[PDB]
Amino acid sequence: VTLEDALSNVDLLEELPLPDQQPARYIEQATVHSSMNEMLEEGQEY
Amino acid sequence: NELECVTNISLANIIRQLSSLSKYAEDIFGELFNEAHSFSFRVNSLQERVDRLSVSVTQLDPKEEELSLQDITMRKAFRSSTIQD
Amino acid sequence: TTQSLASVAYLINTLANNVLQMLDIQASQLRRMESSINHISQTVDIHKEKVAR
Amino acid sequence: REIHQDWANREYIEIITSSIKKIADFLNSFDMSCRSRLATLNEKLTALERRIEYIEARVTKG
Amino acid sequence: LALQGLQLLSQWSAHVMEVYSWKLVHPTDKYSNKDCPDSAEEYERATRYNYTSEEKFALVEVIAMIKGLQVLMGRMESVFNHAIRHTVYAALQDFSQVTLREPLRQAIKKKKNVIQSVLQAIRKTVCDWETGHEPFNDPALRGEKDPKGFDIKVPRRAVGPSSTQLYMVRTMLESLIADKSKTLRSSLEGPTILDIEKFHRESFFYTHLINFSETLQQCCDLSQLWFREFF
Amino acid sequence: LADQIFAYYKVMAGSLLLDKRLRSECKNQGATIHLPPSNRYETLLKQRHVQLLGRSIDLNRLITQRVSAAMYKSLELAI
């Protein structure tokens, strides 16, 4: 029910023996860039 | 807040990843259980066989043994299993 | 999100522990069987040598 | 400011994801170990079975 | 170390792919190779008879080394991720909170609003104030020289900046150094621009290293060694 | 792999029991019996986790079956 308890559970899980492993104006630019990327995802699919 | 909306979406995706991990554990555990249960069946069957063999062997009698020279090759020869996967 | 993770970890740990214990139990029983079978084989070949004598 | 709260939330999300990766790696390791042990058990059982059959074939007439 | 390993894996993959492609594009013939029969398909001469025993052994050794290094690097996923993200956060915060101070002060002092606006945007986009707000006693903002000083405590946590934030900061930062741009570069001193270029060239691989697993798997792609649709 | 492993092991076993004085005499006379080159098959023999398309293959079991068949065939041939 708390973050500390969950972290502890993970540590406990990790503590097991496992032998025998192996032997501005920039907004417009961002929008255009996003559009280009979207177009590219489709070109790769084609 | 857009940032607050993003964090909520990230938490939902994290819950979905937790479910995916649950399924990545469940399938492995089920396969392990199935194979170990088959192994347990084999072990129990061979344990029954072993106790039967022991109770049979503890009754042998050297004087009862009779050797037939004529039947020595008339007898079917024993061959071990040679199954290859 | 914090809760669910703890529950999943606990279940995995318990299940993993159970599986490990099952394997250990099986291996030990197999080892025990191997000893009885060896005793049986010793008795069998002793009887065969007695018959030969 | 919203930026600090976003950074803290990004800390939280990253910690959760790291824990997920820990669990996943552990699961993979468990799968790797358990299987090797199972293979050994299976081979031992197989050896016992054949040996038992040989003992049986050796102590029976017809 | 992680950067060097990724670069080495990429170099090995590039070498393997280049040699494979060159062999594919240059099929042999019975005149050159005696083992090749008179009758054979294009793929036959291209691949089967186009490699020597030593070449095949070298390819196998390179592939095995690549995969061994891949697994070894994967074993240290958590440590590499934590170290990379902590380093990225520390560098970004220290830069945006210390290195931009002198330039900002100079701009304010000489009334350079164009530089001041972008510098303030950069310092507002990424900087995380441990106190919850920008300091008010900073002498750089007022434009007058700092005493002797004015120690500022930069916080430390392990998290990489978001893709949008990193791209935005980089775009603003490399606009000041732009020769073409009246050039903004002409309004900045030498040491400040040198530090800015150093930071810009160093921060190129932040996005790649943040997604360490995807980058590592991409740098070791060998799936193109089996498909034969073209032939 | 199983065939070559069995052949190499049988050759090594045969060479081990060969008289050393006879080998020295043959070498002196000019009829040296070439020794079998060493190999690292043990690494493959100790492999139980061969992963291929999501399948775990116990190579050791298959090699064991093949060597058992080869040994039975060799014993029958000797008899």
# chains A, B, ... in the order shown; residues from 1 in each chain; ligands from 1
call {"tool": "interface_residues", "arguments": {"of": "chain D", "to": "chain A", "cutoff": "7 Å", "atoms": "only C-alpha atoms", "output": "list in words"}}
result
residues 19, 23, 26, 30, 32, 33 and 36 of chain D
call {"tool": "interface_residues", "arguments": {"of": "chain C", "to": "chain A", "cutoff": "10 Å", "atoms": "only C-alpha atoms", "output": "list in words"}}
result
residues 1, 2, 3, 4, 5, 6, 7, 8, 9, 10, 11, 12, 13, 14, 16, 17 and 20 of chain C
call {"tool": "interface_residues", "arguments": {"of": "chain D", "to": "chain B", "cutoff": "8 Å", "atoms": "only C-alpha atoms", "output": "number ranges by chain"}}
result
D: 2, 6, 9-10, 13, 16-17, 20, 24, 27, 31, 38, 42, 45, 49-50, 52, 54, 56-57, 59, 62
call {"tool": "write_last_selection", "arguments": {"atoms": "N, CA and C atoms", "output": "compact mmCIF listing (two decimals), in the first residue's frame"}}
result
# COMPACT_ATOMS: atom_id res chain seq x y z
N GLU D 2 4.65 24.08 -12.09
CA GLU D 2 4.29 22.78 -12.64
C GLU D 2 5.51 21.96 -13.04
N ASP D 6 6.14 18.02 -12.36
CA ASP D 6 6.37 17.10 -13.48
C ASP D 6 7.65 16.30 -13.27
N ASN D 9 6.93 13.64 -10.71
CA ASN D 9 6.12 12.59 -11.30
C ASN D 9 6.95 11.70 -12.22
N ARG D 10 7.92 12.30 -12.94
CA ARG D 10 8.83 11.57 -13.86
C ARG D 10 9.77 10.70 -13.03
N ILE D 13 7.46 7.68 -12.06
CA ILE D 13 7.22 6.78 -13.18
C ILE D 13 8.47 5.96 -13.48
N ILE D 16 8.96 3.20 -10.90
CA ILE D 16 8.04 2.09 -11.15
C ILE D 16 8.53 1.25 -12.33
N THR D 17 8.95 1.90 -13.41
CA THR D 17 9.43 1.17 -14.58
C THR D 17 10.68 0.36 -14.25
N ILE D 20 9.65 -2.70 -12.53
CA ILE D 20 9.08 -3.64 -13.50
C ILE D 20 10.20 -4.39 -14.21
N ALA D 24 10.92 -8.39 -14.30
CA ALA D 24 11.00 -9.07 -15.59
C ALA D 24 12.29 -9.86 -15.76
N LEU D 27 12.17 -12.83 -13.60
CA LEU D 27 11.31 -13.85 -14.18
C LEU D 27 12.07 -14.62 -15.25
N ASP D 31 13.01 -18.60 -15.21
CA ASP D 31 12.67 -19.50 -16.30
C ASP D 31 13.91 -20.26 -16.74
N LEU D 38 14.86 -29.00 -14.31
CA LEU D 38 13.87 -29.92 -14.83
C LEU D 38 14.49 -30.88 -15.80
N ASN D 42 14.51 -34.87 -15.43
CA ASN D 42 13.97 -35.71 -16.47
C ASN D 42 14.99 -36.74 -16.88
N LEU D 45 15.26 -39.42 -14.25
CA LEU D 45 14.09 -40.28 -14.27
C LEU D 45 14.16 -41.25 -15.43
N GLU D 49 14.14 -45.31 -15.31
CA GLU D 49 13.15 -46.13 -16.00
C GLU D 49 13.76 -47.26 -16.82
N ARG D 50 14.75 -46.92 -17.63
CA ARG D 50 15.41 -47.91 -18.47
C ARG D 50 16.09 -48.97 -17.62
N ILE D 52 15.24 -49.87 -14.61
CA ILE D 52 14.21 -50.70 -14.02
C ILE D 52 13.72 -51.73 -15.02
N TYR D 54 15.41 -52.98 -17.49
CA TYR D 54 16.47 -53.96 -17.64
C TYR D 54 16.45 -54.95 -16.48
N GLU D 56 13.88 -55.74 -14.69
CA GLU D 56 12.67 -56.51 -14.87
C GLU D 56 12.93 -57.52 -15.97
N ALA D 57 13.48 -57.08 -17.10
CA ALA D 57 13.73 -58.05 -18.16
C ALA D 57 14.71 -59.13 -17.70
N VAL D 59 14.93 -60.51 -14.65
CA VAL D 59 14.48 -61.33 -13.54
C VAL D 59 13.11 -61.93 -13.85
N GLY D 62 9.95 -65.27 -19.88
CA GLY D 62 8.81 -65.16 -20.78
C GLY D 62 7.75 -64.20 -20.27
call {"tool": "closest_atom_pairs", "arguments": {"of": "chain C", "to": "chain B", "cutoff": "9 Å", "atoms": "only C-alpha atoms", "output": "Markdown table"}}
result
| residue | atom | partner | partner_atom | distance |
| --- | --- | --- | --- | --- |
| C:1 | CA | B:15 | CA | 6.4 |
| C:4 | CA | B:15 | CA | 7.9 |
| C:5 | CA | B:18 | CA | 7.1 |
| C:8 | CA | B:22 | CA | 7.1 |
| C:12 | CA | B:25 | CA | 7.5 |
| C:15 | CA | B:29 | CA | 8.0 |
| C:16 | CA | B:29 | CA | 8.2 |
| C:19 | CA | B:33 | CA | 7.9 |
| C:22 | CA | B:36 | CA | 8.5 |
| C:23 | CA | B:36 | CA | 8.0 |
| C:26 | CA | B:40 | CA | 7.6 |
| C:29 | CA | B:43 | CA | 8.7 |
| C:30 | CA | B:43 | CA | 7.5 |
| C:33 | CA | B:47 | CA | 7.3 |
| C:36 | CA | B:50 | CA | 8.2 |
| C:37 | CA | B:50 | CA | 7.0 |
| C:40 | CA | B:54 | CA | 6.3 |
| C:43 | CA | B:57 | CA | 7.8 |
| C:44 | CA | B:57 | CA | 7.1 |
| C:47 | CA | B:62 | CA | 7.0 |
| C:48 | CA | B:62 | CA | 8.3 |
| C:50 | CA | B:62 | CA | 6.8 |
| C:51 | CA | B:62 | CA | 5.4 |
call {"tool": "write_last_selection", "arguments": {"atoms": "N, CA, C and O atoms", "output": "PDB file, in the first residue's frame"}}
result
ATOM      1  N   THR C   1      -1.237   2.380  -8.604  1.00  0.00           N
ATOM      2  CA  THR C   1      -0.086   1.799  -9.280  1.00  0.00           C
ATOM      3  C   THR C   1       0.909   1.200  -8.286  1.00  0.00           C
ATOM      4  O   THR C   1       1.504   0.161  -8.558  1.00  0.00           O
ATOM      5  N   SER C   4      -0.797  -2.501  -6.810  1.00  0.00           N
ATOM      6  CA  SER C   4      -0.804  -3.570  -7.801  1.00  0.00           C
ATOM      7  C   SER C   4       0.583  -4.172  -7.976  1.00  0.00           C
ATOM      8  O   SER C   4       0.729  -5.397  -8.075  1.00  0.00           O
ATOM      9  N   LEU C   5       1.614  -3.328  -8.026  1.00  0.00           N
ATOM     10  CA  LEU C   5       2.975  -3.835  -8.178  1.00  0.00           C
ATOM     11  C   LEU C   5       3.353  -4.728  -7.004  1.00  0.00           C
ATOM     12  O   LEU C   5       3.930  -5.808  -7.189  1.00  0.00           O
ATOM     13  N   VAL C   8       1.513  -8.094  -7.262  1.00  0.00           N
ATOM     14  CA  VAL C   8       2.088  -8.944  -8.301  1.00  0.00           C
ATOM     15  C   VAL C   8       3.406  -9.542  -7.825  1.00  0.00           C
ATOM     16  O   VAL C   8       3.671 -10.736  -8.010  1.00  0.00           O
ATOM     17  N   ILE C  12       4.174 -13.557  -7.367  1.00  0.00           N
ATOM     18  CA  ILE C  12       5.264 -14.183  -8.107  1.00  0.00           C
ATOM     19  C   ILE C  12       6.246 -14.837  -7.145  1.00  0.00           C
ATOM     20  O   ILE C  12       6.703 -15.965  -7.371  1.00  0.00           O
ATOM     21  N   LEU C  15       4.663 -18.072  -5.634  1.00  0.00           N
ATOM     22  CA  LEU C  15       4.576 -19.086  -6.667  1.00  0.00           C
ATOM     23  C   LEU C  15       5.955 -19.638  -6.979  1.00  0.00           C
ATOM     24  O   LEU C  15       6.137 -20.849  -7.077  1.00  0.00           O
ATOM     25  N   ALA C  16       6.934 -18.751  -7.113  1.00  0.00           N
ATOM     26  CA  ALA C  16       8.290 -19.180  -7.416  1.00  0.00           C
ATOM     27  C   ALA C  16       8.833 -20.056  -6.296  1.00  0.00           C
ATOM     28  O   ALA C  16       9.443 -21.097  -6.548  1.00  0.00           O
ATOM     29  N   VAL C  19       7.296 -23.458  -6.493  1.00  0.00           N
ATOM     30  CA  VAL C  19       7.856 -24.251  -7.572  1.00  0.00           C
ATOM     31  C   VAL C  19       9.220 -24.798  -7.172  1.00  0.00           C
ATOM     32  O   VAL C  19       9.524 -25.974  -7.402  1.00  0.00           O
ATOM     33  N   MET C  22       8.780 -27.651  -4.798  1.00  0.00           N
ATOM     34  CA  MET C  22       8.288 -28.835  -5.470  1.00  0.00           C
ATOM     35  C   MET C  22       9.438 -29.530  -6.171  1.00  0.00           C
ATOM     36  O   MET C  22       9.588 -30.743  -6.066  1.00  0.00           O
ATOM     37  N   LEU C  23      10.287 -28.759  -6.845  1.00  0.00           N
ATOM     38  CA  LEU C  23      11.411 -29.371  -7.536  1.00  0.00           C
ATOM     39  C   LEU C  23      12.343 -30.058  -6.546  1.00  0.00           C
ATOM     40  O   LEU C  23      12.792 -31.186  -6.779  1.00  0.00           O
ATOM     41  N   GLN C  26      10.799 -33.296  -5.406  1.00  0.00           N
ATOM     42  CA  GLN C  26      10.868 -34.308  -6.448  1.00  0.00           C
ATOM     43  C   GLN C  26      12.271 -34.874  -6.593  1.00  0.00           C
ATOM     44  O   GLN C  26      12.452 -36.083  -6.665  1.00  0.00           O
ATOM     45  N   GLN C  29      13.076 -37.236  -3.747  1.00  0.00           N
ATOM     46  CA  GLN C  29      12.373 -38.510  -3.875  1.00  0.00           C
ATOM     47  C   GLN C  29      13.012 -39.375  -4.956  1.00  0.00           C
ATOM     48  O   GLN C  29      13.129 -40.585  -4.801  1.00  0.00           O
ATOM     49  N   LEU C  30      13.442 -38.747  -6.047  1.00  0.00           N
ATOM     50  CA  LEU C  30      14.091 -39.467  -7.129  1.00  0.00           C
ATOM     51  C   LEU C  30      15.394 -40.075  -6.624  1.00  0.00           C
ATOM     52  O   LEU C  30      15.711 -41.220  -6.932  1.00  0.00           O
ATOM     53  N   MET C  33      14.631 -43.055  -4.548  1.00  0.00           N
ATOM     54  CA  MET C  33      14.256 -44.170  -5.404  1.00  0.00           C
ATOM     55  C   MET C  33      15.494 -44.814  -6.010  1.00  0.00           C
ATOM     56  O   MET C  33      15.575 -46.029  -6.134  1.00  0.00           O
ATOM     57  N   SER C  36      17.008 -47.323  -3.541  1.00  0.00           N
ATOM     58  CA  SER C  36      16.274 -48.587  -3.467  1.00  0.00           C
ATOM     59  C   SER C  36      16.495 -49.429  -4.719  1.00  0.00           C
ATOM     60  O   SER C  36      16.663 -50.651  -4.637  1.00  0.00           O
ATOM     61  N   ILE C  37      16.494 -48.789  -5.890  1.00  0.00           N
ATOM     62  CA  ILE C  37      16.694 -49.524  -7.138  1.00  0.00           C
ATOM     63  C   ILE C  37      18.088 -50.142  -7.177  1.00  0.00           C
ATOM     64  O   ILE C  37      18.270 -51.272  -7.649  1.00  0.00           O
ATOM     65  N   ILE C  40      18.061 -53.185  -5.126  1.00  0.00           N
ATOM     66  CA  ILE C  40      17.392 -54.267  -5.842  1.00  0.00           C
ATOM     67  C   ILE C  40      18.339 -54.901  -6.853  1.00  0.00           C
ATOM     68  O   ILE C  40      18.402 -56.133  -6.982  1.00  0.00           O
ATOM     69  N   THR C  43      20.830 -57.112  -5.123  1.00  0.00           N
ATOM     70  CA  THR C  43      20.224 -58.391  -4.767  1.00  0.00           C
ATOM     71  C   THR C  43      20.105 -59.295  -5.989  1.00  0.00           C
ATOM     72  O   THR C  43      20.376 -60.501  -5.913  1.00  0.00           O
ATOM     73  N   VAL C  44      19.707 -58.727  -7.129  1.00  0.00           N
ATOM     74  CA  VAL C  44      19.492 -59.531  -8.331  1.00  0.00           C
ATOM     75  C   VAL C  44      20.795 -60.176  -8.785  1.00  0.00           C
ATOM     76  O   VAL C  44      20.851 -61.380  -9.068  1.00  0.00           O
ATOM     77  N   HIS C  47      21.936 -62.909  -6.488  1.00  0.00           N
ATOM     78  CA  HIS C  47      21.194 -64.141  -6.741  1.00  0.00           C
ATOM     79  C   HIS C  47      21.712 -64.846  -7.990  1.00  0.00           C
ATOM     80  O   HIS C  47      21.819 -66.078  -8.018  1.00  0.00           O
ATOM     81  N   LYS C  48      22.023 -64.080  -9.036  1.00  0.00           N
ATOM     82  CA  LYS C  48      22.561 -64.687 -10.251  1.00  0.00           C
ATOM     83  C   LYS C  48      23.895 -65.377  -9.983  1.00  0.00           C
ATOM     84  O   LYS C  48      24.136 -66.494 -10.463  1.00  0.00           O
ATOM     85  N   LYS C  50      24.869 -66.571  -7.121  1.00  0.00           N
ATOM     86  CA  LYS C  50      24.553 -67.761  -6.337  1.00  0.00           C
ATOM     87  C   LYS C  50      24.099 -68.902  -7.234  1.00  0.00           C
ATOM     88  O   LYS C  50      24.499 -70.057  -7.037  1.00  0.00           O
ATOM     89  N   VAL C  51      23.254 -68.602  -8.220  1.00  0.00           N
ATOM     90  CA  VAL C  51      22.789 -69.637  -9.144  1.00  0.00           C
ATOM     91  C   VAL C  51      23.959 -70.212  -9.930  1.00  0.00           C
ATOM     92  O   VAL C  51      24.052 -71.429 -10.138  1.00  0.00           O
TER      93      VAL C  51
END
call {"tool": "closest_atom_pairs", "arguments": {"of": "chain D", "to": "chain E", "cutoff": "8 Å", "atoms": "only C-alpha atoms", "output": "tab-separated table"}}
result
residue	atom	partner	partner_atom	distance
D:1	CA	E:132	CA	6.6
D:3	CA	E:128	CA	6.7
D:4	CA	E:128	CA	5.8
D:7	CA	E:128	CA	7.7
D:10	CA	E:159	CA	7.0
D:11	CA	E:159	CA	6.3
D:14	CA	E:159	CA	7.2
D:18	CA	E:78	CA	7.1
D:21	CA	E:78	CA	7.9
D:22	CA	E:78	CA	7.9
call {"tool": "write_last_selection", "arguments": {"atoms": "C-alpha atoms", "output": "PDB file, in the first residue's frame"}}
result
ATOM      1  CA  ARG D   1       5.622  25.567 -10.435  1.00  0.00           C
ATOM      2  CA  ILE D   3       7.811  21.906 -13.814  1.00  0.00           C
ATOM      3  CA  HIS D   4       8.938  20.659 -10.388  1.00  0.00           C
ATOM      4  CA  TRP D   7       9.957  16.233 -12.532  1.00  0.00           C
ATOM      5  CA  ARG D  10       8.833  11.565 -13.862  1.00  0.00           C
ATOM      6  CA  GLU D  11      10.914  10.295 -10.885  1.00  0.00           C
ATOM      7  CA  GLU D  14      10.885   5.913 -13.720  1.00  0.00           C
ATOM      8  CA  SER D  18      12.770   0.197 -13.042  1.00  0.00           C
ATOM      9  CA  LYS D  21      12.373  -4.318 -15.291  1.00  0.00           C
ATOM     10  CA  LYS D  22      13.825  -5.876 -12.132  1.00  0.00           C
TER      11      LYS D  22
END
call {"tool": "interface_residues", "arguments": {"of": "chain E", "to": "chain A", "cutoff": "9 Å", "atoms": "only C-alpha atoms", "output": "list in words"}}
result
residues 121, 164, 167, 168, 171 and 172 of chain E
call {"tool": "write_last_selection", "arguments": {"atoms": "N, CA and C atoms", "output": "PDB file, in the first residue's frame"}}
result
ATOM      1  N   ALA E 121      13.885  31.574 -21.948  1.00  0.00           N
ATOM      2  CA  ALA E 121      13.076  30.419 -22.321  1.00  0.00           C
ATOM      3  C   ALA E 121      13.812  29.117 -22.025  1.00  0.00           C
ATOM      4  N   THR E 164      10.397  16.166 -26.074  1.00  0.00           N
ATOM      5  CA  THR E 164      10.023  17.510 -26.498  1.00  0.00           C
ATOM      6  C   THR E 164      10.914  18.559 -25.841  1.00  0.00           C
ATOM      7  N   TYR E 167      14.528  18.374 -27.366  1.00  0.00           N
ATOM      8  CA  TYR E 167      14.551  18.928 -28.714  1.00  0.00           C
ATOM      9  C   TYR E 167      14.404  20.445 -28.680  1.00  0.00           C
ATOM     10  N   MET E 168      13.484  20.949 -27.858  1.00  0.00           N
ATOM     11  CA  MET E 168      13.246  22.386 -27.796  1.00  0.00           C
ATOM     12  C   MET E 168      14.493  23.112 -27.299  1.00  0.00           C
ATOM     13  N   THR E 171      17.219  23.064 -29.986  1.00  0.00           N
ATOM     14  CA  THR E 171      16.910  23.980 -31.079  1.00  0.00           C
ATOM     15  C   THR E 171      17.176  25.425 -30.670  1.00  0.00           C
ATOM     16  N   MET E 172      16.775  25.807 -29.451  1.00  0.00           N
ATOM     17  CA  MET E 172      17.090  27.155 -28.986  1.00  0.00           C
ATOM     18  C   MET E 172      18.596  27.364 -28.868  1.00  0.00           C
TER      19      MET E 172
END
call {"tool": "residues_around", "arguments": {"residues": "residue 116 of chain E", "least_positions_apart": "5", "cutoff": "7 Å", "atoms": "only C-alpha atoms", "output": "PyMOL selection string"}}
result
chain E and resi 104+107-108
call {"tool": "write_last_selection", "arguments": {"atoms": "N, CA, C and O atoms", "output": "compact mmCIF listing (two decimals), in the first residue's frame"}}
result
# COMPACT_ATOMS: atom_id res chain seq x y z
N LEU E 104 23.63 35.44 -19.77
CA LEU E 104 22.40 36.18 -19.52
C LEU E 104 22.72 37.55 -18.95
O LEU E 104 22.14 38.55 -19.35
N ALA E 107 23.98 39.81 -21.64
CA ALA E 107 22.92 40.25 -22.52
C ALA E 107 22.10 41.34 -21.87
O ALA E 107 21.83 42.38 -22.48
N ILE E 108 21.76 41.17 -20.59
CA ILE E 108 20.95 42.18 -19.92
C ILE E 108 21.71 43.49 -19.84
O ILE E 108 21.18 44.55 -20.18
call {"tool": "interface_residues", "arguments": {"of": "chain F", "to": "chain A", "cutoff": "12 Å", "atoms": "only C-alpha atoms", "output": "VMD selection string"}}
result
chain F and resid 42 to 50 60
call {"tool": "atom_distance", "arguments": {"atom1": "atom CA of residue 37 of chain E", "atom2": "atom CA of residue 21 of chain E"}}
result
22.7 Å
call {"tool": "atom_distance", "arguments": {"atom1": "atom CA of residue 145 of chain E", "atom2": "atom CA of residue 183 of chain E"}}
result
26.1 Å
call {"tool": "atom_distance", "arguments": {"atom1": "atom CA of residue 73 of chain E", "atom2": "atom CA of residue 51 of chain F"}}
result
19.5 Å
call {"tool": "residues_around", "arguments": {"residues": "residue 174 of chain E", "least_positions_apart": "4", "cutoff": "10 Å", "atoms": "only C-alpha atoms", "output": "PyMOL selection string"}}
result
chain E and resi 169-170+178-179+185+193+196-197+199-201
call {"tool": "interface_residues", "arguments": {"of": "chain B", "to": "chain F", "cutoff": "9 Å", "atoms": "only C-alpha atoms", "output": "NGL selection string"}}
result
:B and (82-85)
call {"tool": "write_last_selection", "arguments": {"atoms": "N, CA, C and O atoms", "output": "short mmCIF file (atom, residue, chain, number, x, y, z; two decimals), in the first residue's frame"}}
result
data_model
loop_
_atom_site.label_atom_id
_atom_site.label_comp_id
_atom_site.auth_asym_id
_atom_site.auth_seq_id
_atom_site.Cartn_x
_atom_site.Cartn_y
_atom_site.Cartn_z
N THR B 82 14.79 -47.48 -28.04
CA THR B 82 15.68 -46.69 -28.89
C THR B 82 14.89 -45.56 -29.55
O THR B 82 15.06 -45.28 -30.74
N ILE B 83 14.03 -44.90 -28.79
CA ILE B 83 13.23 -43.80 -29.31
C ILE B 83 14.11 -42.56 -29.44
O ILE B 83 14.85 -42.22 -28.51
N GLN B 84 14.03 -41.90 -30.59
CA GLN B 84 14.80 -40.69 -30.87
C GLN B 84 13.84 -39.56 -31.22
O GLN B 84 12.95 -39.74 -32.06
N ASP B 85 14.03 -38.41 -30.58
CA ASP B 85 13.16 -37.27 -30.82
C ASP B 85 13.48 -36.62 -32.16
O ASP B 85 14.64 -36.52 -32.56
#
